[PDB]
């Protein structure tokens, strides 16, 4: 569905998968985030939104339109403490979706810290995060290009059930996770 993304980050309850939720209603341009989130995860949300605001042009998001919307990012399991930077790209994917009405591919999950430059930084506890995705029955799990080496210590079986896609840019995260090509118009050529 739109605005809904499955992230993998640390939670009081160990640190499994997250059901990040966002809503883009008519407002003044205010940003709200809830779900028993720690400071680090909160700042990851603020960064994620700047990454979207600073790419609104190629994302189709109109600046005027934006200043007329209130954004609320909620991470259900409201009583569950959650923290860390790992939901970075998921937060960014959820916002893009919300402001563009573009659905989030099903059975897709993602983990990784996002920078302002759009870079996807490696996270910790990939093992736990993949096992959580496994048990959740997820299909496609996007991970930071820099955690590739961590896969090695992950049970082949688990690895067998996951369609792991290492990324390094949020541009890739968006293309894989979203349905409608998030960036620019499609040009078709022929040899």
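Positions refer to the first chain, counted from 1.
Averaged over their C-alpha atoms, the temperature factors of 147-155 and 22-30 are higher for 147-155. According to the PDB record, 160-168 carries the higher mean C-alpha B-factor of the two stretches 47-55 and 160-168. For the set 79, 89, 106, 116, the maximum C-alpha B-factor listed in the entry falls on 106.
Residue-level temperature factors show residue 188 in the middle third of its chain, judged at the C-alpha atom. Among all modelled residues in this chain, the alpha-carbon of residue 140 has a temperature factor (C-alpha) in the middle third. For residue 61, the recorded CA B-factor ranks within the highest third of the chain. Only modelled residues enter the ranking.
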